[PDB]
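K.L.:
Quick one: experimental structure and sequence below.
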Amino acid sequence: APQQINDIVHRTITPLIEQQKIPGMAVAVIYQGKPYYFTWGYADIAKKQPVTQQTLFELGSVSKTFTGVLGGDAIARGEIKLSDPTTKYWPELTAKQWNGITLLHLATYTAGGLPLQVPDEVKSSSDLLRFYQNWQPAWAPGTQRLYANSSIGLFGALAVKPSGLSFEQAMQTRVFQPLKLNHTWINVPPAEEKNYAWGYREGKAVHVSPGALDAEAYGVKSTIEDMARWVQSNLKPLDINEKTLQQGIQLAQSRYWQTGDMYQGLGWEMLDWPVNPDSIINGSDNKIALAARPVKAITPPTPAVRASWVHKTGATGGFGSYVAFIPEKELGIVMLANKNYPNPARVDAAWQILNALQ
Ligand SMILES: OC[C@H]1O[C@@](CO)(O[C@H]2O[C@H](CO)[C@@H](O)[C@H](O)[C@H]2O)[C@@H](O)[C@@H]1O
Ligand SMILES: CS(=O)(=O)Nc1ccc(C(=O)O)cc1
Ligand SMILES: CS(=O)(=O)Nc1ccc(C(=O)O)cc1
Ligand SMILES: CS(=O)(=O)Nc1ccc(C(=O)O)cc1
């Protein structure tokens, strides 16, 4: 690898791992479009299995980027419109608070305060309908952003309905396969278990638990190689041969709402480049709190801006992930770890690496 990439990555990540007590980590840097990989530590401490370029990590909420792109692809296919009422796709949602809530609102956390989680007690399709029928919004649609798995998760479920495919089958056929993400999974097959890292929480080995709308909000597992290829695809969508997927990628990076210095896409979030990273490390967008923030509608949405810092953080109980990229510079990073550690530390390390290389 180029020595400058080797050095900035090792010098940044080695102390991160020590400070955060991360058992295992994989990093990819995409530099002038090409990937470079780094690994440390253990995928399974007890079995002494190292992290490799084939180790699967739980992406947690980085999964929302896949959901957003899949939704984008459905729009491009003419199957859904973001301006459609939720009730077009779920007519059983008859309760009156749903009037005026569109697929856009679901996808962008702007429906009026949908809850962070679908409750664990929701086990069936009837339970899920009851949950959404009984939810009482805090605010009118399109007024505040409040991050929510129940919002984008429902978007993902509805977005695939016209296709006639399960969410998983749609994701596989329409996103993973065309992009050659052959080691990316919603459900880890038995054959891949040897490669599936354990997550570590309070020193205990853990994997994410099943839950309603898990696949749609937090349920993808992938390798550092597939995640680098996901970054490459999002950096340079015009190289994608499947036109609806190319268009879908672009739609996911469109800017729909602004709060402070951040713009909400479909799954992806964006800041104008050059960035001052204070807001994403120390300030309002550092993800430490669950924050209700007023939004300004971008009417119409700005097409994907090349001079952006495009990113998403994610975690599960045992994992912490981060992806960021800058299309104009052909530059990006993926950081996958098998411990959940604070988001500001992730962003600070990513910034240190990409700011050095840009
Ligand atoms: O657990 C699914 C999903 O939800 C998030 C928040 O988006 O984490 C929540 O759930 C965890 C498991 O119970 C909690 O430990 C955590 O405090 C909570 O916010 C994601 O991190 C996770 O993938
Ligand atoms: C981002 S857009 O082009 O769809 N414009 C919108 C979207 C939603 C609203 C709202 O009030 O809910 C207003 C304007
Ligand atoms: C602190 S939390 O566990 O609720 N996780 C969050 C909360 C909010 C956001 C956001 O994008 O606003 C992201 C992650
Ligand atoms: C077509 S769009 O996506 O830009 N959405 C808009 C545009 C304008 C207005 C308005 O009230 O002026 C509202 C919503």
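P.N.:
Perfect, thanks for sending it. Numbering: from 1, shown residues only. Ligands and ions are numbered 1, 2, ... in the order given.
K.L.:
Surely residue 165 touches residue 173?
P.N.:
Yes - if you go by Cβ atoms under 8 Å, residue 165 and residue 173 touch, sitting 6.9 Å apart. C-beta coordinates here come from the backbone N, C-alpha and C atoms, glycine included.
K.L.:
Return the residues of the chain in contact with ligand 2.
P.N.:
Residues of the chain that fall close to ligand 2, judged by Cβ under 6 Å from any ligand atom: 104, 141, 142, 256, 297, 298, 299, 300, 301.
K.L.:
Quick check on these: which are buried?
P.N.:
104, 141, 142, 256, 301 (16 or more other Cβ atoms under 10 Å).
K.L.:
Pull the most distant pair out of these.
P.N.:
141 and 301 (16.2 Å; Cβ to Cβ).
K.L.:
who touches the residue in the stretch 101-250 of the chain that ligand 3 sits nearest to in this structure?
P.N.:
Among the residues of the stretch 101-250 of the chain, residue 147 lies nearest to ligand 3; the distance is 3.5 Å by Cβ to the nearest ligand atom. Contacts for residue 147 (Cβ atoms under 8 Å, 6 or more residues apart in numbering) come out as 109, 116, 290, 291.
K.L.:
try 6 Å
P.N.:
Residues near residue 147 by Cβ atoms under 6 Å, 6 or more residues apart in numbering: residue 109.
K.L.:
Provide the secondary structure category for it.
P.N.:
coil (DSSP: H, G, I helix; E, B strand; the rest coil).
K.L.:
ditto for the one 4 residues further on
P.N.:
Counting by three-state DSSP, the backbone at residue 151 sits in helix.
K.L.:
Apart from its neighbours in sequence, what residue is nearest it?
P.N.:
Counting by Cβ to Cβ, 6 or more residues apart in numbering, residue 151 lies nearest to residue 114, which is 4.3 Å off, once chain neighbours are set aside.
K.L.:
Tell me, how many residues neighbour that neighbour?
P.N.:
Neighbour count of residue 114, defined by other Cβ atoms under 10 Å: 25.
K.L.:
what helix or strand is it on?
P.N.:
If you go by DSSP states H and E, residue 114 is not part of any helix or strand.
K.L.:
same thing with residue 285?
P.N.:
Counting by DSSP H and E, residue 285 is part of no helix or strand.
K.L.:
residues from the protein in reach of ligand 3?
P.N.:
So far as Cβ under 6 Å from any ligand atom goes, the chain lies against ligand 3 at 116, 147, 287, 289, 290, 291.
K.L.:
quick check: longest strand of this protein.
P.N.:
strand 34-44 (DSSP state E).
K.L.:
quick revisit: how about the contacts made by the residue nearest to residue 151?
P.N.:
Residue 114 sits in contact with 148, 150, 151, where contact means Cβ under 6 Å, 6+ apart.
K.L.:
you'd agree the last one is up against residue 109?
P.N.:
Okay, so that is residue 151. Yes - in this structure residue 151 lies within contact range of residue 109 using Cβ atoms under 6 Å: 4.9 Å.
K.L.:
Need the overlap of contacts for these two.
P.N.:
With Cβ under 6 Å, 6+ apart as the test, residue 151 and residue 109 reach no residue in common.
K.L.:
Residue 27 contacts residue 40, doesn't it?
P.N.:
No - with contact defined as Cβ under 6 Å, residue 27 and residue 40 do not form a contacting pair (8.4 Å).
K.L.:
higher neighbour count, those two?
P.N.:
residue 27 (27 against 18).
K.L.:
quick one: what helix or strand has that one in it?
P.N.:
strand 24-31.
K.L.:
and that strand, how far out from the chain's middle?
P.N.:
16 Å (Cα atoms, centre = their mean, to the nearest Å).
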